[PDB]
2 protein chains.
Amino acid sequence: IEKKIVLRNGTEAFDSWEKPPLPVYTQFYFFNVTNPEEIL
Amino acid sequence: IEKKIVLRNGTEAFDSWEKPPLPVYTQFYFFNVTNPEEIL
Ligand SMILES: *[C@@H]1O[C@H](CO)[C@@H](O)[C@H](O)[C@H]1NC(C)=O
Ligand SMILES: *[C@@H]1O[C@H](CO)[C@@H](O)[C@H](O)[C@H]1NC(C)=O
């Protein structure tokens, strides 16, 4: 029985969900318009 | 002696030079400007 993964105050699965220990990396990609007047 | 290739009236090397029998193919390549106002 894998009842170890629950959201109970006293469990280590609730500790990972309240505070995520692993960082999240987000890379913002943009688009640069080269011919702006020609689109008009 | 390869005196056969001369420009004498009576030779077949002068016939190739007066009138070139082999066609010449020329392909004209152009450049099209995509962002003309942005160069200005
Ligand atoms: C979790 O830990 C104890 C358990 O009773 C409690 O005192 C504490 O307030 C709880 N935390 C939250 C956010 O409920
Ligand atoms: C070549 O051929 C004869 C050779 O005498 C002559 O009548 C003719 O005029 C010559 N052609 C030219 C362009 O000189």
# chains A, B, ... in the order shown; residues from 1 in each chain; ligands from 1
$ interface_residues --of "chain B" --to "chain A" --cutoff "9 Å" --atoms "only C-alpha atoms" --output "list in words"
residues 34, 35, 36, 37 and 38 of chain B
$ select_by_dssp --residues "chain B" --states "helix (DSSP H, G or I)" --output "ChimeraX atom specification"
/B:12-18,36-39
$ residues_near_ligand --ligand "ligand 1" --cutoff "12 Å" --atoms "only C-alpha atoms and all ligand atoms" --output "PyMOL selection string"
chain A and resi 7-12+14-15+18-19
$ atom_distance --atom1 "CA of residue 23 in chain B" --atom2 "atom 11 (N, counted along the ligand's line) of ligand 2"
23.3 Å
